[PDB]
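Trainee: A single structure is presented below for examination.
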Amino acid sequence: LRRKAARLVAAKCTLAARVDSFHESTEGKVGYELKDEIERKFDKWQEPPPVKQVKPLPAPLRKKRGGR
RNA sequence: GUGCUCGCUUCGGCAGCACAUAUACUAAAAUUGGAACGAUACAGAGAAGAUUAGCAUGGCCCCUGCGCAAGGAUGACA
């Protein structure tokens with residue numbers, strides 16, 4: 001997942017650098033929000049897979065079409 | 001029942017004494033009931049997909065027609 005993470009980190013770093021180039025969000029709210037988003041998307045990737053049901057065999061046993 | 005008491009008493013007998021101490025589904029007999037996957041009778045392919053014919057829909061690519069929206073380039077003297 002490291003390249004998928006690197007793309008996201010690069011995008012959010014571009015956003016933070018554009019934020020900082022005008023010296024706005026001096027205290028650091030935007031960076032904290034972007035880091036929180038990055039961490040949440042990282043946890044989503046590593047979140048354990050959902051519970052998935054087993055499909056039983058249908059039945060051991062009707063008209064059919066015909067054309068081109 | 002056997003044997004014995006110095007007993008009564010006679011060998012005909014009697015009274016007492018030691019040993020014997022608790023088997024058995026008990027059973028010979030009573031009766032009326034319910035009963036095959038054994039035979040004959042029938043069936044017996046005792047293991048298969050339980051199908052294949054059209055048309056329309058759905059996907060992709062052109063072509064043509066009509067409509068809607070937004071446009072491009074061009075043409076016309078008396």
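If you're wondering about the labels, chains in the structure tokens are A, B, ... by order shown, residues count from 1 in each chain, ligands from 1 in order shown.
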Using only C-alpha atoms (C1' of nucleotides) and a distance of at most 12 Å, pull out the residues of chain B that contact chain A, as a list in words.

Mentor: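 Those within range of chain A come out as residues 49, 50, 51, 52, 53, 54, 55 and 56 of chain B.
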
Trainee: Just to be explicit: take each residue in the selection above, keep N, CA and C atoms (P, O5', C5', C4', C3', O3' and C1' of nucleotides), and write the result as a PDB file, in the first residue's frame.

Mentor:
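Full text of again20.pdb as output:
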```pdb
ATOM      1  P     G B  49     -29.186 -36.361 -15.690  1.00  0.00           P
ATOM      2  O5'   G B  49     -29.204 -34.991 -16.502  1.00  0.00           O
ATOM      3  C5'   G B  49     -27.995 -34.386 -16.936  1.00  0.00           C
ATOM      4  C4'   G B  49     -28.232 -33.487 -18.122  1.00  0.00           C
ATOM      5  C3'   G B  49     -29.483 -32.629 -18.053  1.00  0.00           C
ATOM      6  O3'   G B  49     -29.295 -31.450 -17.289  1.00  0.00           O
ATOM      7  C1'   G B  49     -29.336 -33.658 -20.184  1.00  0.00           C
ATOM      8  P     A B  50     -29.793 -31.369 -15.763  1.00  0.00           P
ATOM      9  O5'   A B  50     -30.916 -32.495 -15.650  1.00  0.00           O
ATOM     10  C5'   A B  50     -32.297 -32.153 -15.689  1.00  0.00           C
ATOM     11  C4'   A B  50     -32.855 -32.276 -17.085  1.00  0.00           C
ATOM     12  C3'   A B  50     -34.073 -31.404 -17.388  1.00  0.00           C
ATOM     13  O3'   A B  50     -34.021 -30.976 -18.749  1.00  0.00           O
ATOM     14  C1'   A B  50     -34.622 -33.677 -17.723  1.00  0.00           C
ATOM     15  P     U B  51     -33.058 -29.767 -19.200  1.00  0.00           P
ATOM     16  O5'   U B  51     -32.230 -30.383 -20.412  1.00  0.00           O
ATOM     17  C5'   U B  51     -31.979 -29.627 -21.588  1.00  0.00           C
ATOM     18  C4'   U B  51     -32.597 -30.281 -22.798  1.00  0.00           C
ATOM     19  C3'   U B  51     -32.540 -29.477 -24.087  1.00  0.00           C
ATOM     20  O3'   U B  51     -31.311 -29.679 -24.763  1.00  0.00           O
ATOM     21  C1'   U B  51     -34.724 -30.380 -23.772  1.00  0.00           C
ATOM     22  P     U B  52     -30.704 -28.550 -25.726  1.00  0.00           P
ATOM     23  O5'   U B  52     -31.786 -28.409 -26.879  1.00  0.00           O
ATOM     24  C5'   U B  52     -31.961 -29.424 -27.860  1.00  0.00           C
ATOM     25  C4'   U B  52     -32.650 -28.874 -29.080  1.00  0.00           C
ATOM     26  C3'   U B  52     -31.973 -27.638 -29.673  1.00  0.00           C
ATOM     27  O3'   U B  52     -31.870 -27.680 -31.109  1.00  0.00           O
ATOM     28  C1'   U B  52     -34.213 -27.115 -29.042  1.00  0.00           C
ATOM     29  P     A B  53     -33.107 -27.921 -32.115  1.00  0.00           P
ATOM     30  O5'   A B  53     -33.846 -26.517 -32.156  1.00  0.00           O
ATOM     31  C5'   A B  53     -33.364 -25.467 -32.975  1.00  0.00           C
ATOM     32  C4'   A B  53     -34.503 -24.647 -33.514  1.00  0.00           C
ATOM     33  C3'   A B  53     -34.314 -23.145 -33.480  1.00  0.00           C
ATOM     34  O3'   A B  53     -33.514 -22.669 -34.541  1.00  0.00           O
ATOM     35  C1'   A B  53     -36.438 -23.670 -32.633  1.00  0.00           C
ATOM     36  P     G B  54     -33.243 -21.097 -34.688  1.00  0.00           P
ATOM     37  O5'   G B  54     -34.602 -20.539 -35.295  1.00  0.00           O
ATOM     38  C5'   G B  54     -34.682 -19.209 -35.758  1.00  0.00           C
ATOM     39  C4'   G B  54     -36.045 -18.613 -35.535  1.00  0.00           C
ATOM     40  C3'   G B  54     -36.036 -17.222 -34.953  1.00  0.00           C
ATOM     41  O3'   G B  54     -35.708 -16.241 -35.911  1.00  0.00           O
ATOM     42  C1'   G B  54     -37.642 -18.517 -33.826  1.00  0.00           C
ATOM     43  P     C B  55     -34.522 -15.210 -35.610  1.00  0.00           P
ATOM     44  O5'   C B  55     -35.299 -13.834 -35.489  1.00  0.00           O
ATOM     45  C5'   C B  55     -36.675 -13.782 -35.819  1.00  0.00           C
ATOM     46  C4'   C B  55     -37.459 -13.046 -34.772  1.00  0.00           C
ATOM     47  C3'   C B  55     -36.698 -11.994 -34.000  1.00  0.00           C
ATOM     48  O3'   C B  55     -36.468 -10.806 -34.733  1.00  0.00           O
ATOM     49  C1'   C B  55     -37.999 -13.256 -32.508  1.00  0.00           C
ATOM     50  P     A B  56     -35.198  -9.888 -34.381  1.00  0.00           P
ATOM     51  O5'   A B  56     -35.645  -9.132 -33.057  1.00  0.00           O
ATOM     52  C5'   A B  56     -36.883  -8.444 -33.015  1.00  0.00           C
ATOM     53  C4'   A B  56     -37.361  -8.238 -31.603  1.00  0.00           C
ATOM     54  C3'   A B  56     -36.444  -7.422 -30.721  1.00  0.00           C
ATOM     55  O3'   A B  56     -36.586  -6.037 -30.957  1.00  0.00           O
ATOM     56  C1'   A B  56     -37.148  -9.345 -29.553  1.00  0.00           C
TER      57        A B  56
END
```

Trainee: Can you list, as a PDB file with N, CA and C atoms, in the first residue's frame, every protein, DNA or RNA residue that comes within 9 Å of stretch 7-20 of chain A when you count only C-alpha atoms (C1' of nucleotides), leaving out same-chain residues fewer than 5 positions away?

Mentor:
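Output file around-v8.pdb follows:
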```
ATOM      1  N   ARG A   2       2.166   1.132  -0.122  1.00  0.00           N
ATOM      2  CA  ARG A   2       3.050   2.273   0.067  1.00  0.00           C
ATOM      3  C   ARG A   2       2.985   3.272  -1.079  1.00  0.00           C
ATOM      4  N   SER A  25      -3.351  29.955   7.944  1.00  0.00           N
ATOM      5  CA  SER A  25      -3.376  28.883   8.936  1.00  0.00           C
ATOM      6  C   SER A  25      -2.035  28.804   9.663  1.00  0.00           C
ATOM      7  N   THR A  26      -1.672  29.926  10.288  1.00  0.00           N
ATOM      8  CA  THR A  26      -0.399  30.005  10.995  1.00  0.00           C
ATOM      9  C   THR A  26      -0.333  29.014  12.148  1.00  0.00           C
ATOM     10  N   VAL A  30      -5.117  23.656   9.237  1.00  0.00           N
ATOM     11  CA  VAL A  30      -5.242  22.987   7.944  1.00  0.00           C
ATOM     12  C   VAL A  30      -4.348  21.756   7.888  1.00  0.00           C
ATOM     13  N   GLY A  31      -3.112  21.881   8.371  1.00  0.00           N
ATOM     14  CA  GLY A  31      -2.217  20.737   8.384  1.00  0.00           C
ATOM     15  C   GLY A  31      -2.727  19.611   9.262  1.00  0.00           C
ATOM     16  N   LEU A  34      -5.567  17.894   7.371  1.00  0.00           N
ATOM     17  CA  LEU A  34      -5.062  17.041   6.299  1.00  0.00           C
ATOM     18  C   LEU A  34      -4.400  15.786   6.854  1.00  0.00           C
ATOM     19  N   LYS A  35      -3.652  15.915   7.950  1.00  0.00           N
ATOM     20  CA  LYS A  35      -3.055  14.743   8.578  1.00  0.00           C
ATOM     21  C   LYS A  35      -4.115  13.802   9.132  1.00  0.00           C
ATOM     22  N   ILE A  38      -5.495  11.965   6.190  1.00  0.00           N
ATOM     23  CA  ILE A  38      -4.540  10.964   5.722  1.00  0.00           C
ATOM     24  C   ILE A  38      -4.567   9.742   6.626  1.00  0.00           C
ATOM     25  N   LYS A  41      -7.802   7.736   6.059  1.00  0.00           N
ATOM     26  CA  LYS A  41      -7.732   6.949   4.834  1.00  0.00           C
ATOM     27  C   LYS A  41      -6.741   5.798   4.945  1.00  0.00           C
TER      28      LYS A  41
END
```

Trainee: Could you give me, as a PyMOL selection string, the residues within 10 Å of stretch 14-30 of chain B, counting only C-alpha atoms (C1' of nucleotides) and dropping anything in the same chain fewer than 4 positions from it?

Mentor: chain B and resi 1-5+7-10

Trainee: Okay, now the selection with N, CA and C atoms (P, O5', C5', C4', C3', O3' and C1' of nucleotides), as a PDB file, in the first residue's frame?

Mentor:
```
ATOM      1  P     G B   1     -39.221 -96.261  65.628  1.00  0.00           P
ATOM      2  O5'   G B   1     -37.847 -96.027  64.855  1.00  0.00           O
ATOM      3  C5'   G B   1     -37.621 -96.601  63.575  1.00  0.00           C
ATOM      4  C4'   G B   1     -36.176 -96.474  63.162  1.00  0.00           C
ATOM      5  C3'   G B   1     -35.156 -96.987  64.167  1.00  0.00           C
ATOM      6  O3'   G B   1     -34.965 -98.387  64.084  1.00  0.00           O
ATOM      7  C1'   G B   1     -34.516 -94.838  63.434  1.00  0.00           C
ATOM      8  P     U B   2     -34.547 -99.225  65.389  1.00  0.00           P
ATOM      9  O5'   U B   2     -33.011 -98.859  65.601  1.00  0.00           O
ATOM     10  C5'   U B   2     -32.043 -99.158  64.607  1.00  0.00           C
ATOM     11  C4'   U B   2     -30.703 -98.568  64.956  1.00  0.00           C
ATOM     12  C3'   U B   2     -30.221 -98.832  66.373  1.00  0.00           C
ATOM     13  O3'   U B   2     -29.626-100.108  66.524  1.00  0.00           O
ATOM     14  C1'   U B   2     -29.973 -96.540  65.884  1.00  0.00           C
ATOM     15  P     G B   3     -30.037-101.046  67.761  1.00  0.00           P
ATOM     16  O5'   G B   3     -29.204-100.456  68.984  1.00  0.00           O
ATOM     17  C5'   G B   3     -27.789-100.562  69.016  1.00  0.00           C
ATOM     18  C4'   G B   3     -27.173 -99.508  69.899  1.00  0.00           C
ATOM     19  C3'   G B   3     -27.594 -99.529  71.360  1.00  0.00           C
ATOM     20  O3'   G B   3     -26.897-100.494  72.130  1.00  0.00           O
ATOM     21  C1'   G B   3     -27.732 -97.325  70.542  1.00  0.00           C
ATOM     22  P     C B   4     -27.579-101.116  73.447  1.00  0.00           P
ATOM     23  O5'   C B   4     -27.525 -99.929  74.510  1.00  0.00           O
ATOM     24  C5'   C B   4     -26.283 -99.369  74.912  1.00  0.00           C
ATOM     25  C4'   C B   4     -26.474 -98.188  75.831  1.00  0.00           C
ATOM     26  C3'   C B   4     -27.294 -98.443  77.084  1.00  0.00           C
ATOM     27  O3'   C B   4     -26.533 -99.067  78.104  1.00  0.00           O
ATOM     28  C1'   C B   4     -27.985 -96.413  76.072  1.00  0.00           C
ATOM     29  P     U B   5     -27.186 -99.371  79.540  1.00  0.00           P
ATOM     30  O5'   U B   5     -26.983 -98.012  80.347  1.00  0.00           O
ATOM     31  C5'   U B   5     -27.495 -97.861  81.666  1.00  0.00           C
ATOM     32  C4'   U B   5     -28.094 -96.492  81.879  1.00  0.00           C
ATOM     33  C3'   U B   5     -28.948 -96.356  83.136  1.00  0.00           C
ATOM     34  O3'   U B   5     -28.839 -95.032  83.657  1.00  0.00           O
ATOM     35  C1'   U B   5     -30.281 -95.936  81.230  1.00  0.00           C
ATOM     36  P     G B   7     -32.173-100.032  87.405  1.00  0.00           P
ATOM     37  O5'   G B   7     -32.464 -98.531  86.956  1.00  0.00           O
ATOM     38  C5'   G B   7     -32.833 -97.546  87.911  1.00  0.00           C
ATOM     39  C4'   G B   7     -34.215 -97.007  87.645  1.00  0.00           C
ATOM     40  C3'   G B   7     -35.312 -98.045  87.459  1.00  0.00           C
ATOM     41  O3'   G B   7     -35.810 -98.545  88.688  1.00  0.00           O
ATOM     42  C1'   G B   7     -35.473 -96.408  85.761  1.00  0.00           C
ATOM     43  P     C B   8     -36.503 -99.992  88.751  1.00  0.00           P
ATOM     44  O5'   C B   8     -37.924 -99.773  88.065  1.00  0.00           O
ATOM     45  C5'   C B   8     -38.920 -98.967  88.679  1.00  0.00           C
ATOM     46  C4'   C B   8     -40.230 -99.050  87.936  1.00  0.00           C
ATOM     47  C3'   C B   8     -40.733-100.455  87.646  1.00  0.00           C
ATOM     48  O3'   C B   8     -41.428-101.015  88.746  1.00  0.00           O
ATOM     49  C1'   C B   8     -40.873 -99.138  85.683  1.00  0.00           C
ATOM     50  P     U B   9     -41.488-102.607  88.938  1.00  0.00           P
ATOM     51  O5'   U B   9     -42.372-103.105  87.712  1.00  0.00           O
ATOM     52  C5'   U B   9     -42.098-104.344  87.080  1.00  0.00           C
ATOM     53  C4'   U B   9     -41.886-104.169  85.598  1.00  0.00           C
ATOM     54  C3'   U B   9     -41.321-105.373  84.863  1.00  0.00           C
ATOM     55  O3'   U B   9     -42.310-106.338  84.544  1.00  0.00           O
ATOM     56  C1'   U B   9     -40.127-103.436  84.231  1.00  0.00           C
ATOM     57  P     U B  10     -42.713-107.464  85.618  1.00  0.00           P
ATOM     58  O5'   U B  10     -42.655-108.824  84.793  1.00  0.00           O
ATOM     59  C5'   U B  10     -41.467-109.228  84.132  1.00  0.00           C
ATOM     60  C4'   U B  10     -41.618-109.127  82.636  1.00  0.00           C
ATOM     61  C3'   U B  10     -40.673-109.975  81.804  1.00  0.00           C
ATOM     62  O3'   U B  10     -41.073-111.332  81.713  1.00  0.00           O
ATOM     63  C1'   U B  10     -40.755-107.790  80.915  1.00  0.00           C
TER      64        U B  10
END
```

Trainee: Output as a count of residues only all residues of chain A that backbone DSSP marks as alpha helix (DSSP H).

Mentor: 37
